[PDB]
Amino acid sequence: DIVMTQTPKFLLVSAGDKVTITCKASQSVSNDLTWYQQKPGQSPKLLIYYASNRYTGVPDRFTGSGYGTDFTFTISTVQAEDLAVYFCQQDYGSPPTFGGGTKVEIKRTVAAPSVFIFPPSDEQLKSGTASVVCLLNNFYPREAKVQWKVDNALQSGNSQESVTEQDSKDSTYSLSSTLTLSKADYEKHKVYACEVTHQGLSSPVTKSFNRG
Amino acid sequence: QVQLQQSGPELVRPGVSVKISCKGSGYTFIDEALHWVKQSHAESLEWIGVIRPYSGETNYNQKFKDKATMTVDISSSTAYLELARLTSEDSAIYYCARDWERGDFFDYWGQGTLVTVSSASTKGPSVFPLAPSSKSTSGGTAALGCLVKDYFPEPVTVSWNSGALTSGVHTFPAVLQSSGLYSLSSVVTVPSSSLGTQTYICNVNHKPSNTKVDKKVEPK
């Protein structure tokens with residue numbers, strides 16, 4: 001089978017700037033090369049076919065060129081909504097085969113997170129487990145350090161984080177950190193604190209509550 | 001216009017077969033080939049094969065021929081993909097797609113079907129409020145949410161106010177807990193003044209358990 005090699009794997013680009021993606025085939029694939037855009041949670045979207053033709057309704061900023069083994073996908077002036085994984089695909093030899101993807105990430109100015117803390121609900125406590133949620137909203141860059149303290153004791157091994165994909169409009173991230181305690185342990189302690197370290201903040205920010 | 005509507009997510013035990021479907025509309029179903037494409041973490045996008053409803057001809061990627069079988073029901077405008085003797089390597093999103101009669105490239109895609117291969121049982125989510133407080137206010141804006149806890153398999157969908165509220169919403173990717181069950185939160189930021197006039201309801205749907213849950217989130 002024909003192997004499609006994409007470079008780079010990742011790129012970080014500011015809005016208004018140029019993106020150049022390359023796809024290299026293991027053997028000649030004529031002009032039988034396609035480019036797709038895949039945004040988070042969506043199916044791939046056809047952009048370029050026959051190596052250089054824009055598909056219907058595809059904006060002018062998107063182009064493709066090349067013939068044989070070496071192909072180039074360009075976003076002339078990248079927009080914030082263009083964040084996505086871009087794939088090349090050959091349809092010269094059977095089976096059709098895809099490149100490994102290039103993830104286009106948007107660079108923007110540093111923005112500090114807004115931090116919120118949520119106690120467990122009374123409804124949850126009935127089940128014998130308490131979840132405490134710390135929310136970091138609308139920040140950039142994604143790099144962030146989040147720590148849990150319970151009556152000023154640092155917690156380890158009982159929290160998990162989730163981060164959203166970059167927002168298509170403001171290019172920011174949001175993060176949750178969730179602390180899981182038994183109801184017994186939750187009831188044994190008073191002060192619950194989420195400590196956030198981020199480049200946009202001069203020193204770490206702590207949000208806390210007192211149980212009850 | 002042209003639409004490819006795929007069947008819902010499926011949990012499948014290892015060694016058991018599954019059959020997923022793709023219904024086409026907006027064109028003459030019989031006239032057009034339909035392709036199947038797998039997307040997984042380990043192997044990215046992979047073409048599985050093509051069926052031509054007009055002739056009944058099938059062609060398979062040699063890698064998939066043993067485990068995949070393509071069929072169609074022309075009367076119901078539906079193509080089927082059967083995957084046999086599943087293992088964890090078969091957990092993936094599976095797409096059906098149309099070509100543009102200019103070769104094997106894909107202009108219309110289905111929304112994808114998530115197949116999870118696991119020995120763990122289906123479990124519908126518990127949905128708890130993340131109530132807004134002063135601890136979740138910031139100027140004229142408060143944060144609130146729903147914790148969607150302890151479910152299996154992926155995926156769940158979350159909306160706010162039956163889709164009437166979309167701005168400021170962040171639904172986090174699920175994380176697998178040490179228990180082997182998934183959990184996520186969905187949050188939204190809203191004006192603090194709307195907290196007494198507009199009610200906020202999260203709509204949590206988990207198709208594998210056939211559950212839909214609506215939770216009103218109020219200040220505590």
# chains A, B, ... in the order shown; residues from 1 in each chain; ligands from 1
>>> interface_residues(of="chain A", to="chain B", cutoff="9 Å", atoms="only C-alpha atoms", output="JSON, numbers by chain")
{"A": [32, 33, 34, 42, 43, 44, 45, 46, 47, 49, 50, 55, 87, 89, 90, 91, 92, 94, 95, 96, 97, 98, 99, 100, 101, 114, 115, 116, 117, 118, 119, 120, 121, 123, 124, 131, 133, 135, 137, 160, 161, 162, 163, 164, 165, 174, 175, 176, 207, 208, 209]}
>>> residues_around(residues="range 65-75 of chain B", least_positions_apart="6", cutoff="8 Å", atoms="only C-alpha atoms", output="PyMOL selection string")
chain B and resi 29-30+48+50-51+53+58+81-85
>>> write_last_selection(atoms="N, CA, C and O atoms", output="mmCIF file, in the first residue's frame")
data_model
loop_
_atom_site.group_PDB
_atom_site.id
_atom_site.type_symbol
_atom_site.label_atom_id
_atom_site.label_comp_id
_atom_site.auth_asym_id
_atom_site.auth_seq_id
_atom_site.Cartn_x
_atom_site.Cartn_y
_atom_site.Cartn_z
ATOM 1 N N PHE B 29 -30.452 6.721 -4.075
ATOM 2 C CA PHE B 29 -29.627 5.831 -3.271
ATOM 3 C C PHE B 29 -28.928 4.733 -4.086
ATOM 4 O O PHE B 29 -27.739 4.463 -3.889
ATOM 5 N N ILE B 30 -29.676 4.097 -4.984
ATOM 6 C CA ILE B 30 -29.176 2.950 -5.755
ATOM 7 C C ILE B 30 -27.999 3.316 -6.679
ATOM 8 O O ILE B 30 -27.152 2.470 -6.974
ATOM 9 N N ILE B 48 -12.010 1.106 4.775
ATOM 10 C CA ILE B 48 -12.399 -0.291 5.047
ATOM 11 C C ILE B 48 -12.825 -0.973 3.753
ATOM 12 O O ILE B 48 -12.443 -2.123 3.486
ATOM 13 N N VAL B 50 -15.755 -0.507 -0.041
ATOM 14 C CA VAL B 50 -16.803 0.169 -0.799
ATOM 15 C C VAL B 50 -17.855 -0.842 -1.268
ATOM 16 O O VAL B 50 -17.528 -1.956 -1.708
ATOM 17 N N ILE B 51 -19.113 -0.433 -1.172
ATOM 18 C CA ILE B 51 -20.223 -1.166 -1.764
ATOM 19 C C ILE B 51 -20.909 -0.353 -2.869
ATOM 20 O O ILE B 51 -21.120 0.846 -2.725
ATOM 21 N N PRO B 53 -24.369 -0.203 -4.588
ATOM 22 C CA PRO B 53 -25.744 -0.738 -4.523
ATOM 23 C C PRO B 53 -26.344 -1.151 -5.876
ATOM 24 O O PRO B 53 -27.106 -2.124 -5.943
ATOM 25 N N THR B 58 -18.816 -5.535 -4.117
ATOM 26 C CA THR B 58 -18.138 -5.065 -2.913
ATOM 27 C C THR B 58 -16.619 -5.165 -3.122
ATOM 28 O O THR B 58 -16.139 -6.072 -3.814
ATOM 29 N N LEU B 81 -22.687 -2.239 7.851
ATOM 30 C CA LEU B 81 -21.366 -2.778 8.058
ATOM 31 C C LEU B 81 -21.372 -3.724 9.250
ATOM 32 O O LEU B 81 -21.662 -3.319 10.387
ATOM 33 N N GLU B 82 -21.066 -4.991 8.992
ATOM 34 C CA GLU B 82 -20.928 -5.944 10.087
ATOM 35 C C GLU B 82 -19.462 -6.173 10.440
ATOM 36 O O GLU B 82 -18.656 -6.495 9.577
ATOM 37 N N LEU B 83 -19.135 -6.029 11.720
ATOM 38 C CA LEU B 83 -17.793 -6.270 12.205
ATOM 39 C C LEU B 83 -17.825 -7.463 13.160
ATOM 40 O O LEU B 83 -18.542 -7.452 14.156
ATOM 41 N N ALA B 84 -17.025 -8.476 12.858
ATOM 42 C CA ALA B 84 -17.040 -9.727 13.598
ATOM 43 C C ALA B 84 -15.835 -9.905 14.520
ATOM 44 O O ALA B 84 -14.765 -9.327 14.298
ATOM 45 N N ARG B 85 -16.045 -10.713 15.557
ATOM 46 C CA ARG B 85 -14.997 -11.159 16.473
ATOM 47 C C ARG B 85 -14.177 -9.985 16.976
ATOM 48 O O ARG B 85 -12.962 -9.922 16.782
#
>>> residues_around(residues="range 155-161 of chain B", least_positions_apart="2", cutoff="10 Å", atoms="only C-alpha atoms", output="ChimeraX atom specification")
/B:8-10,114-116,124-125,145-146,148,151-153,163-167,169-174,182-188,198-209,211-216
>>> write_last_selection(atoms="N, CA and C atoms", output="short mmCIF file (atom, residue, chain, number, x, y, z; two decimals), in the first residue's frame")
data_model
loop_
_atom_site.label_atom_id
_atom_site.label_comp_id
_atom_site.auth_asym_id
_atom_site.auth_seq_id
_atom_site.Cartn_x
_atom_site.Cartn_y
_atom_site.Cartn_z
N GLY B 8 -26.65 4.64 16.07
CA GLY B 8 -26.09 5.17 17.31
C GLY B 8 -24.88 4.41 17.82
N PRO B 9 -24.27 4.91 18.91
CA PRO B 9 -23.10 4.25 19.51
C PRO B 9 -23.45 2.86 20.05
N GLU B 10 -22.45 1.98 20.09
CA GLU B 10 -22.64 0.61 20.52
C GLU B 10 -21.51 0.14 21.41
N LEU B 114 -19.75 5.47 17.15
CA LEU B 114 -18.70 5.07 18.10
C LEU B 114 -18.96 3.65 18.60
N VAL B 115 -18.05 2.74 18.28
CA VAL B 115 -18.11 1.36 18.77
C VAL B 115 -17.08 1.23 19.86
N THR B 116 -17.52 0.79 21.04
CA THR B 116 -16.63 0.48 22.14
C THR B 116 -16.62 -1.02 22.40
N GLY B 124 -25.90 3.99 32.77
CA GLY B 124 -26.38 5.35 32.50
C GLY B 124 -25.83 6.31 33.54
N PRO B 125 -25.66 7.59 33.16
CA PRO B 125 -25.04 8.57 34.07
C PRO B 125 -25.92 9.03 35.23
N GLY B 145 -23.26 24.52 36.25
CA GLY B 145 -23.04 23.36 35.41
C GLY B 145 -23.75 22.12 35.88
N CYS B 146 -23.45 21.01 35.21
CA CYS B 146 -23.93 19.71 35.60
C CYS B 146 -22.75 18.76 35.57
N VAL B 148 -21.78 14.99 35.14
CA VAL B 148 -22.36 13.80 34.52
C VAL B 148 -21.43 12.65 34.88
N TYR B 151 -20.67 6.72 34.04
CA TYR B 151 -21.39 6.09 32.93
C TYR B 151 -20.43 5.29 32.05
N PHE B 152 -20.99 4.43 31.21
CA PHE B 152 -20.20 3.60 30.31
C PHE B 152 -21.14 3.03 29.27
N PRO B 153 -20.73 2.99 27.98
CA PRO B 153 -19.49 3.52 27.41
C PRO B 153 -19.68 4.99 27.04
N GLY B 163 -31.05 23.25 23.82
CA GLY B 163 -30.34 23.86 22.70
C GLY B 163 -30.56 25.36 22.54
N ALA B 164 -31.42 25.94 23.38
CA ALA B 164 -31.65 27.39 23.37
C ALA B 164 -30.48 28.19 23.94
N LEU B 165 -29.61 27.52 24.70
CA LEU B 165 -28.44 28.16 25.29
C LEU B 165 -27.17 27.48 24.79
N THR B 166 -26.36 28.22 24.03
CA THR B 166 -25.15 27.66 23.44
C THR B 166 -23.92 28.51 23.76
N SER B 167 -24.14 29.80 23.94
CA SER B 167 -23.06 30.75 24.24
C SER B 167 -22.52 30.55 25.65
N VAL B 169 -20.98 27.98 26.80
CA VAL B 169 -21.03 26.58 27.24
C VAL B 169 -19.70 25.88 26.95
N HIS B 170 -19.21 25.13 27.94
CA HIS B 170 -18.04 24.28 27.81
C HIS B 170 -18.42 22.90 28.33
N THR B 171 -18.52 21.93 27.43
CA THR B 171 -18.70 20.55 27.84
C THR B 171 -17.36 19.83 27.74
N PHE B 172 -16.82 19.42 28.88
CA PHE B 172 -15.50 18.82 28.93
C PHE B 172 -15.47 17.42 28.35
N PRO B 173 -14.36 17.05 27.68
CA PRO B 173 -14.13 15.67 27.27
C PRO B 173 -14.24 14.77 28.50
N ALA B 174 -14.82 13.59 28.30
CA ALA B 174 -14.95 12.64 29.39
C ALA B 174 -13.57 12.15 29.81
N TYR B 182 -16.73 6.47 33.00
CA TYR B 182 -16.46 7.83 32.55
C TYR B 182 -17.18 8.87 33.39
N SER B 183 -16.64 10.08 33.40
CA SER B 183 -17.29 11.20 34.04
C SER B 183 -16.92 12.45 33.27
N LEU B 184 -17.86 13.39 33.20
CA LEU B 184 -17.56 14.72 32.67
C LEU B 184 -18.42 15.76 33.37
N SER B 185 -18.04 17.03 33.22
CA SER B 185 -18.88 18.17 33.60
C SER B 185 -19.17 19.00 32.36
N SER B 186 -20.35 19.62 32.34
CA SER B 186 -20.64 20.66 31.37
C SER B 186 -20.93 21.93 32.16
N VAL B 187 -20.32 23.03 31.76
CA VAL B 187 -20.52 24.29 32.47
C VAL B 187 -20.97 25.39 31.52
N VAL B 188 -21.51 26.46 32.08
CA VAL B 188 -21.94 27.62 31.30
C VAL B 188 -21.79 28.86 32.18
N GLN B 198 -34.43 33.48 34.21
CA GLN B 198 -34.27 32.36 33.28
C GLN B 198 -33.82 31.11 34.05
N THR B 199 -34.54 30.01 33.88
CA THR B 199 -34.13 28.75 34.50
C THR B 199 -33.12 28.04 33.60
N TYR B 200 -32.17 27.35 34.22
CA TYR B 200 -31.12 26.66 33.50
C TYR B 200 -31.25 25.17 33.70
N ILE B 201 -31.44 24.47 32.58
CA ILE B 201 -31.60 23.02 32.57
C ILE B 201 -30.52 22.38 31.69
N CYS B 202 -29.80 21.41 32.22
CA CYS B 202 -28.90 20.63 31.37
C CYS B 202 -29.62 19.39 30.86
N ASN B 203 -29.44 19.09 29.57
CA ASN B 203 -30.07 17.91 28.95
C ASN B 203 -29.00 16.90 28.62
N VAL B 204 -29.02 15.78 29.34
CA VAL B 204 -27.95 14.80 29.27
C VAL B 204 -28.50 13.55 28.63
N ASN B 205 -27.93 13.18 27.50
CA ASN B 205 -28.41 12.03 26.78
C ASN B 205 -27.29 10.98 26.63
N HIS B 206 -27.60 9.74 27.00
CA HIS B 206 -26.63 8.65 26.92
C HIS B 206 -27.32 7.55 26.12
N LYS B 207 -27.10 7.57 24.82
CA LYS B 207 -27.79 6.61 23.93
C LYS B 207 -27.56 5.12 24.26
N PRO B 208 -26.32 4.72 24.63
CA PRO B 208 -26.15 3.30 24.99
C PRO B 208 -27.03 2.77 26.13
N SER B 209 -27.47 3.63 27.05
CA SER B 209 -28.40 3.20 28.10
C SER B 209 -29.84 3.62 27.79
N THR B 211 -31.05 6.53 27.89
CA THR B 211 -31.47 7.48 28.92
C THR B 211 -31.38 8.93 28.43
N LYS B 212 -32.36 9.72 28.84
CA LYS B 212 -32.32 11.17 28.72
C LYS B 212 -32.70 11.74 30.08
N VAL B 213 -31.87 12.64 30.58
CA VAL B 213 -32.08 13.24 31.90
C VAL B 213 -31.98 14.75 31.79
N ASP B 214 -32.97 15.44 32.36
CA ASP B 214 -32.96 16.90 32.42
C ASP B 214 -32.87 17.40 33.86
N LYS B 215 -31.82 18.16 34.16
CA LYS B 215 -31.61 18.67 35.52
C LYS B 215 -31.63 20.20 35.55
N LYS B 216 -32.59 20.76 36.31
CA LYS B 216 -32.64 22.19 36.56
C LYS B 216 -31.55 22.52 37.58
#
>>> select_by_dssp(residues="range 82-159 of chain B", states="strand (DSSP E or B)", output="mmCIF file with N, CA and C atoms, in the first residue's frame")
data_model
loop_
_atom_site.group_PDB
_atom_site.id
_atom_site.type_symbol
_atom_site.label_atom_id
_atom_site.label_comp_id
_atom_site.auth_asym_id
_atom_site.auth_seq_id
_atom_site.Cartn_x
_atom_site.Cartn_y
_atom_site.Cartn_z
ATOM 1 N N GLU B 82 -21.066 -4.991 8.992
ATOM 2 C CA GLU B 82 -20.928 -5.944 10.087
ATOM 3 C C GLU B 82 -19.462 -6.173 10.440
ATOM 4 N N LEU B 83 -19.135 -6.029 11.720
ATOM 5 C CA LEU B 83 -17.793 -6.270 12.205
ATOM 6 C C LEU B 83 -17.825 -7.463 13.160
ATOM 7 N N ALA B 92 -13.533 2.253 17.934
ATOM 8 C CA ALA B 92 -13.257 3.323 16.963
ATOM 9 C C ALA B 92 -14.524 4.042 16.581
ATOM 10 N N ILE B 93 -14.358 5.169 15.896
ATOM 11 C CA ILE B 93 -15.454 5.791 15.177
ATOM 12 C C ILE B 93 -15.449 5.200 13.777
ATOM 13 N N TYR B 94 -16.623 4.793 13.306
ATOM 14 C CA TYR B 94 -16.770 4.272 11.941
ATOM 15 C C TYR B 94 -17.657 5.227 11.168
ATOM 16 N N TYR B 95 -17.170 5.676 10.007
ATOM 17 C CA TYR B 95 -17.923 6.556 9.106
ATOM 18 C C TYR B 95 -18.375 5.811 7.850
ATOM 19 N N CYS B 96 -19.553 6.166 7.333
ATOM 20 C CA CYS B 96 -19.883 5.917 5.918
ATOM 21 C C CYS B 96 -19.699 7.231 5.159
ATOM 22 N N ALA B 97 -19.369 7.151 3.867
ATOM 23 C CA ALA B 97 -19.094 8.341 3.046
ATOM 24 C C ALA B 97 -19.435 8.087 1.584
ATOM 25 N N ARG B 98 -19.835 9.152 0.895
ATOM 26 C CA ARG B 98 -20.018 9.132 -0.554
ATOM 27 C C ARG B 98 -18.779 9.653 -1.273
ATOM 28 N N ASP B 99 -18.552 9.167 -2.493
ATOM 29 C CA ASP B 99 -17.556 9.786 -3.354
ATOM 30 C C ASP B 99 -18.238 10.722 -4.360
ATOM 31 N N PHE B 106 -13.848 11.625 -0.649
ATOM 32 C CA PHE B 106 -15.150 11.633 0.035
ATOM 33 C C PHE B 106 -15.722 13.024 0.339
ATOM 34 N N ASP B 107 -16.776 13.387 -0.394
ATOM 35 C CA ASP B 107 -17.391 14.706 -0.271
ATOM 36 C C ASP B 107 -18.517 14.788 0.767
ATOM 37 N N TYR B 108 -19.198 13.671 1.020
ATOM 38 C CA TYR B 108 -20.246 13.632 2.044
ATOM 39 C C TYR B 108 -19.911 12.535 3.022
ATOM 40 N N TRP B 109 -20.014 12.838 4.310
ATOM 41 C CA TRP B 109 -19.692 11.871 5.361
ATOM 42 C C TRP B 109 -20.874 11.727 6.304
ATOM 43 N N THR B 113 -20.203 6.537 13.923
ATOM 44 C CA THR B 113 -20.758 5.636 14.945
ATOM 45 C C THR B 113 -19.626 5.186 15.854
ATOM 46 N N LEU B 114 -19.747 5.474 17.154
ATOM 47 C CA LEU B 114 -18.705 5.065 18.105
ATOM 48 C C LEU B 114 -18.961 3.650 18.600
ATOM 49 N N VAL B 115 -18.046 2.740 18.284
ATOM 50 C CA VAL B 115 -18.111 1.364 18.766
ATOM 51 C C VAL B 115 -17.077 1.235 19.864
ATOM 52 N N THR B 116 -17.517 0.795 21.041
ATOM 53 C CA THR B 116 -16.629 0.480 22.144
ATOM 54 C C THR B 116 -16.623 -1.020 22.397
ATOM 55 N N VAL B 117 -15.433 -1.635 22.370
ATOM 56 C CA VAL B 117 -15.295 -3.058 22.669
ATOM 57 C C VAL B 117 -14.730 -3.179 24.082
ATOM 58 N N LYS B 123 -23.775 1.508 31.689
ATOM 59 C CA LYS B 123 -24.271 2.203 32.874
ATOM 60 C C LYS B 123 -24.654 3.614 32.480
ATOM 61 N N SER B 126 -25.257 9.390 36.327
ATOM 62 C CA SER B 126 -25.868 10.144 37.414
ATOM 63 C C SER B 126 -25.581 11.608 37.116
ATOM 64 N N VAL B 127 -26.598 12.459 37.213
ATOM 65 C CA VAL B 127 -26.440 13.872 36.851
ATOM 66 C C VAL B 127 -26.680 14.762 38.076
ATOM 67 N N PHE B 128 -25.636 15.484 38.481
ATOM 68 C CA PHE B 128 -25.678 16.346 39.667
ATOM 69 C C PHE B 128 -25.478 17.814 39.309
ATOM 70 N N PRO B 129 -26.129 18.729 40.050
ATOM 71 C CA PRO B 129 -25.939 20.153 39.748
ATOM 72 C C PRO B 129 -24.595 20.699 40.228
ATOM 73 N N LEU B 130 -24.031 21.611 39.437
ATOM 74 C CA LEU B 130 -22.944 22.476 39.863
ATOM 75 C C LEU B 130 -23.588 23.857 40.037
ATOM 76 N N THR B 137 -19.353 33.457 40.972
ATOM 77 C CA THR B 137 -19.641 34.731 40.295
ATOM 78 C C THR B 137 -18.350 35.469 39.929
ATOM 79 N N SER B 138 -18.426 36.295 38.886
ATOM 80 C CA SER B 138 -17.301 37.107 38.423
ATOM 81 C C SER B 138 -17.838 38.357 37.732
ATOM 82 N N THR B 141 -21.314 38.067 35.902
ATOM 83 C CA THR B 141 -21.423 36.711 35.349
ATOM 84 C C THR B 141 -21.188 35.622 36.397
ATOM 85 N N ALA B 142 -22.060 34.614 36.401
ATOM 86 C CA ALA B 142 -21.918 33.455 37.284
ATOM 87 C C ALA B 142 -21.666 32.197 36.454
ATOM 88 N N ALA B 143 -20.906 31.254 37.010
ATOM 89 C CA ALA B 143 -20.737 29.931 36.390
ATOM 90 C C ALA B 143 -21.594 28.868 37.081
ATOM 91 N N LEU B 144 -22.159 27.974 36.278
ATOM 92 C CA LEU B 144 -22.983 26.889 36.789
ATOM 93 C C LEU B 144 -22.801 25.700 35.850
ATOM 94 N N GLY B 145 -23.260 24.524 36.251
ATOM 95 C CA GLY B 145 -23.036 23.360 35.414
ATOM 96 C C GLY B 145 -23.753 22.119 35.878
ATOM 97 N N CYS B 146 -23.451 21.011 35.207
ATOM 98 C CA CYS B 146 -23.932 19.706 35.603
ATOM 99 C C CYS B 146 -22.747 18.763 35.573
ATOM 100 N N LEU B 147 -22.649 17.927 36.598
ATOM 101 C CA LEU B 147 -21.655 16.861 36.664
ATOM 102 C C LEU B 147 -22.330 15.575 36.186
ATOM 103 N N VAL B 148 -21.776 14.988 35.136
ATOM 104 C CA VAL B 148 -22.357 13.804 34.521
ATOM 105 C C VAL B 148 -21.428 12.654 34.878
ATOM 106 N N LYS B 149 -21.815 11.894 35.895
ATOM 107 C CA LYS B 149 -20.873 11.008 36.559
ATOM 108 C C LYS B 149 -21.210 9.528 36.396
ATOM 109 N N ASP B 150 -20.167 8.705 36.269
ATOM 110 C CA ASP B 150 -20.269 7.240 36.373
ATOM 111 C C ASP B 150 -21.126 6.594 35.276
ATOM 112 N N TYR B 151 -20.673 6.721 34.039
ATOM 113 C CA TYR B 151 -21.386 6.091 32.926
ATOM 114 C C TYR B 151 -20.429 5.290 32.049
ATOM 115 N N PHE B 152 -20.992 4.432 31.209
ATOM 116 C CA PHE B 152 -20.196 3.599 30.311
ATOM 117 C C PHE B 152 -21.140 3.032 29.267
ATOM 118 N N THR B 157 -24.182 13.100 25.268
ATOM 119 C CA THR B 157 -24.324 14.455 24.730
ATOM 120 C C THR B 157 -24.943 15.342 25.795
ATOM 121 N N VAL B 158 -24.516 16.597 25.838
ATOM 122 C CA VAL B 158 -25.089 17.547 26.777
ATOM 123 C C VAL B 158 -25.523 18.792 26.029
ATOM 124 N N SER B 159 -26.754 19.225 26.274
ATOM 125 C CA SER B 159 -27.175 20.538 25.813
ATOM 126 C C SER B 159 -27.716 21.352 26.981
#
>>> residues_around(residues="residue 29 in chain A", least_positions_apart="6", cutoff="10 Å", atoms="only C-alpha atoms", output="JSON, numbers by chain")
{"A": [2, 51, 67, 68, 69, 70, 90, 91, 92, 93]}
>>> atom_distance(atom1="CA of residue 192 in chain A", atom2="CA of residue 217 in chain B")
21.8 Å
